[PDB]
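Asker: Below: one structure in structure tokens.
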Amino acid sequence: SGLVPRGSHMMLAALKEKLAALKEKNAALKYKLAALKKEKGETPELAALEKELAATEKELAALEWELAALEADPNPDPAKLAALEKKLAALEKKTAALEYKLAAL
């Protein structure tokens with residue numbers, strides 16, 4: 001099997017920390033968003049951003065279950081780990097853009 005088990009073990013740990021950092025970063029945008037909702041009202045723009053945040057929070061919770069099941073697998077599928085890394089990478093980019101967009105409002 002070579003370095004396949006070691007690569008899966010290292011990628012599992014990297015994705016676990018990546019996901020936990022995304023959960024904290026996305027939850028912190030709730031407080032800034034609610035502050036903007038209080039200051040400006042629940043505008044159509046702020047309402048749409050709240051749905052994005054809620055949807056991102058919902059997906060991170062589901063991907064966390066997927067990561068939990070892969071961590072319990074004695075031989076996790078490297079293809080599932082690679083696909084999970086790609087999803088988290090895209091969620092990182094959406095969260096970074098939402099953070100800059102909330103700071104600009």
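FYI, nothing fancy with the structure tokens labels: chains A, B, ... in order, residues from 1 per chain, ligands from 1 as they appear.
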Would you kindly return, as a list in words, each protein, DNA or RNA residue with an atom no farther than 10 Å from any atom of residue A:98, considering only C-alpha atoms and excluding same-chain residues fewer than 4 positions away?
Answerer: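 Returned residues: residues 26, 29, 49, 52, 53, 92, 93, 94, 102, 103 and 104 of chain A.
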Asker: I want to know what sits within 9 Å of residue A:64, based on only C-alpha atoms, with residues of the same chain fewer than 3 positions away left out; could you give that as a PyMOL selection string?
Answerer: chain A and resi 16+19-20+59-61+67-69
Asker: Write the selection just made, keeping N, CA and C atoms, as a short mmCIF file (atom, residue, chain, number, x, y, z; two decimals), in the first residue's frame?
Answerer:
data_model
loop_
_atom_site.label_atom_id
_atom_site.label_comp_id
_atom_site.auth_asym_id
_atom_site.auth_seq_id
_atom_site.Cartn_x
_atom_site.Cartn_y
_atom_site.Cartn_z
N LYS A 16 -9.61 17.96 9.38
CA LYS A 16 -10.28 18.16 10.66
C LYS A 16 -10.02 19.56 11.20
N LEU A 19 -11.79 22.17 8.81
CA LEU A 19 -13.23 22.29 9.03
C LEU A 19 -13.53 23.06 10.31
N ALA A 20 -12.80 22.76 11.39
CA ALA A 20 -13.05 23.44 12.66
C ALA A 20 -12.78 24.94 12.55
N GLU A 59 -23.93 23.04 5.55
CA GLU A 59 -23.07 22.13 4.80
C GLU A 59 -21.87 21.69 5.64
N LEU A 60 -21.28 22.61 6.40
CA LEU A 60 -20.16 22.26 7.27
C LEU A 60 -20.55 21.20 8.29
N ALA A 61 -21.77 21.28 8.82
CA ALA A 61 -22.23 20.27 9.77
C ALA A 61 -22.35 18.91 9.09
N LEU A 67 -16.64 13.54 7.58
CA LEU A 67 -15.27 13.43 8.08
C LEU A 67 -15.21 12.49 9.28
N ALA A 68 -16.24 12.51 10.13
CA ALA A 68 -16.27 11.60 11.27
C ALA A 68 -16.31 10.15 10.80
N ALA A 69 -17.09 9.86 9.76
CA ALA A 69 -17.20 8.50 9.26
C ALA A 69 -15.92 8.04 8.59
#
Asker: Can you list, as a count of residues only, every protein, DNA or RNA residue that comes within 8 Å of stretch 74-91 of chain A when you count only C-alpha atoms, leaving out same-chain residues fewer than 4 positions away?
Answerer: 13
Asker: Quick one, how far is atom CA of residue A:100 from atom CA of residue A:62?
Answerer: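 Computing the Euclidean distance for atom CA of residue A:100 and atom CA of residue A:62 yields 25.1 Å.
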Asker: Quick check, in Å to one decimal: how far apart do atom CA of residue A:34 and atom CA of residue A:57 lie?
Answerer: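 So the answer is 15.6 Å.
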Asker: Select, from A:50, A:17, A:25, A:9, the residue with the minimum atom-to-atom distance to residue A:37, counting only C-alpha atoms.
Answerer: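 The shortest atom-to-atom distance to residue A:37 comes from A:50.
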Asker: Quick one: pull the distance between atom CA of residue A:24 and atom CA of residue A:10, Å, one decimal.
Answerer: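 That distance, rounded to one decimal, is 21.8 Å.
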